[PDB]
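What follows is a single chain, given as structure tokens, in the form deposited in one PDB entry.
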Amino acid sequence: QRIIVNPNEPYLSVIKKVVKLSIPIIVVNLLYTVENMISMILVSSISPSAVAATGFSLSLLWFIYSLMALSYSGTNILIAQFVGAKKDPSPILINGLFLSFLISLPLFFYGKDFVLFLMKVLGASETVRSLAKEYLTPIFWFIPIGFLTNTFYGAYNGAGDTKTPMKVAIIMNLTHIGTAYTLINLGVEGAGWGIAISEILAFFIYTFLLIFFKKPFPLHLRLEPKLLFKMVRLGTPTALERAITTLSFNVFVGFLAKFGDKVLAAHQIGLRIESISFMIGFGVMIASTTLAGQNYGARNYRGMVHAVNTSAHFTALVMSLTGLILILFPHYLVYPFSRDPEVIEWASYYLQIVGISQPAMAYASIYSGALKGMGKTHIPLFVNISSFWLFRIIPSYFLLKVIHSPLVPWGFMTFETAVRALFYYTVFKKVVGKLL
């Protein structure tokens, strides 16, 4: 019944309430890694052309799944503020559910023919097109169901119940792995039905315990169609932030593409080791959005700032240990990917450089999440994109023309995540000041 943080809550009591929100969210994202990694093992069982049709379609789903951030943010942030304000959050759910159902319609029928038409700028023949169509025919069949499940995740996370979406995720992963492995060995369509069936089951779940059980709230009868204007206004900066950043990664990765085909491999190898250390900060970002959102809606700003200050220092300590393990044991972490010793050379240089900025990378997530919970979704859009260019790409684009070294993009990457962190603890200090 709403997790408020009192302004003098002991440090120990605050953190033990952050991990109760973060750990279930982290498990959902850790299972997402296993769900996709096992999916790669199931598609690489027949022809290698099915591996190419999947990896290029999954990355094409990354740019496409940015529309989910529109309905997620509007649902997750407004529910958190309402629950904190001791208010009925019933209209926000089925307005976001209705909102997610609408934005998914342009991807219905029309979105299906957008990837096949796009598969003519890489050399994709009629065979790669036909195979990639089998995999995406059931996926694009049931997109509104995937958009409705994503709104239930935001509704659960906003209300403070992140355990139950983890339970459904544990069922969703086994269902996807179970359905795919069974139907794959009958065409690559089986892996596509695993996504479709794991989404209908999660939705059939997310529909059953609404009508029959708890859910974030006991539903009711919505009477407020004017709230989706604020859900669209809230979700718009978050949807653009995730989309523009993914476009900015390809530009930054392009800086390392000029260094042969070994630095690109070493960058991806460190990226996987970075991703394991990234599931934490993203989970603590969503947990901070819930905590800051409910305390903001409760008008308990004294404790809202105390909760985010406590979780900022603690996660910085956790990432400090994470940064220490990365710097101390670089070669140990690359052994599963240790093919060429020269690749290990750049991989060890990468992890040691980015390991310095792991604590700073925690302040960005804890403050972005806090600011998103306060309804300031435009701030992470402005902060994460401005700094990404005039502090990463722009300094690297000029210094690479003189000082040719692949650790120039990696050095400016660590330097910028530390400047972005010092940017957040300033806006937040400013927003809190006017808040008091």
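Just so we're on the same page, rigid core means the largest C-alpha set that superposes within 1.5 Å between forms. Residue numbers run from 1 along the displayed sequence.
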From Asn185 to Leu186, how many deposited residues does the entry skip: none, 1 to 3, 4 to 9, or 10 or more?
-> 4 to 9
As the entry reports it, the stretch among 283-291 and 343-351 with higher mean C-alpha B factor is 343-351
When mean C-alpha B-factors in the record are compared for 42-50 and 393-401, the larger belongs to 42-50
Per the PDB entry, maximal CA B factor within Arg302, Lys167, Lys230, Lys112 = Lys112
Which has the highest CA B-factor per the PDB entry: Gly158, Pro218, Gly323, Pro237?
-> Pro218
Mind checking which third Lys133 falls in for C-alpha B-factor across the chain?
-> highest
Going by the recorded CA B-factors, say which third of the chain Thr310 sits in, lowest, middle or highest.
-> middle
Looking at the C-alpha B-factor of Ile327, is it in the lowest, middle or highest third of its chain?
-> lowest
CA B-factor placement of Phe117, once the chain's modelled residues are sorted into thirds = highest
Report the third (lowest, middle or highest) to which the CA temperature factor of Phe259 belongs, ranking only the modelled residues of the same chain.
-> highest
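The discussion below concerns the form deposited in another entry, not included here.
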After rigid core alignment between this form and the one not shown, the listed option with CA shift of 2 Å or more out of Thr246, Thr207, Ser125, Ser320 is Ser125
Does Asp88 count as moved between this form and the one not shown, where moved means a C-alpha shift of 2 angstroms or more after fitting the rigid core?
-> no
Could you check whether the CA atom of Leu271 moves 2 Å or more between this form and the one not shown, using the rigid core for the fit?
-> no
For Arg299, state whether the C-alpha moves by 2 Å or more between this form and the one not shown after rigid core superposition.
-> no
Do the C-alpha atoms of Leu221 and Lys87 sit closer or farther apart in the other entry than they do here, given a shift of 3 Å or more?
-> farther
In the other entry, do the Cα atoms of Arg299 and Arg222 sit closer or farther apart than here, given a shift of 3 Å or more?
-> farther
